[PDB]
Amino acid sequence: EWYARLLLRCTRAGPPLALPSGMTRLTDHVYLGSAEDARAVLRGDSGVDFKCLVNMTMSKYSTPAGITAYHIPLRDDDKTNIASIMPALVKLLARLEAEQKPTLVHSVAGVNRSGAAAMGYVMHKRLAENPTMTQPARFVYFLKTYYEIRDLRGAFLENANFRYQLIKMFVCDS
């Protein structure tokens, strides 16, 4: 696909000029964070009453009472497949959002694995709101949204493999 490769290049932002510092609230109940943000939730040091944790790192952890952790172990590399994880994950995040359950999606740096989940969910939410959205409209929305989140976080979805898989799923596919 030409438009997919074009968009992957449009979103090749080069090296991060800042690293994520703090969690970012993507929707009223979905948050994007790092291992540092996840650790703060687990210590009971968070200012948000998180009900769910979406762990996209290799290492599992125990959760205190009242917090449910969903473990999606992924490697931040160029061959990892996220095409079958993403449809289930965006549906899960949309269900937690609808249930008004504050959720933290995280991975070690809070950049690539969790960033891919964050991008997928934001794309999914927009398409749920406008299911008629054309392929060029989806293309431009992905572009604008990618740079909008990257502006807040400094580093976001740098992994070209994941970004391409997300472009294929939410821009190319109807």
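Heads up: residue numbers just count along the shown sequence, starting at 1.
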Comparing 127-135 with 62-70, the higher average Cα temperature factor in the PDB entry belongs to 62-70
Between the two ranges 49-57 and 113-121, the one averaging a larger CA B factor in the entry = 49-57
Of the residues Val30, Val108, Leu143, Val41, the one carrying the largest Cα B-factor as recorded = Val41
Lowest, middle or highest third of the chain for the C-alpha temperature factor of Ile167?
-> lowest
Lowest, middle or highest third: where is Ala98 by Cα B-factor in its chain?
-> highest
Consider only the C-alpha atoms of the modelled residues in this chain, order them by B-factor as the entry records it, and name the third containing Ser21: lowest, middle or highest.
-> highest
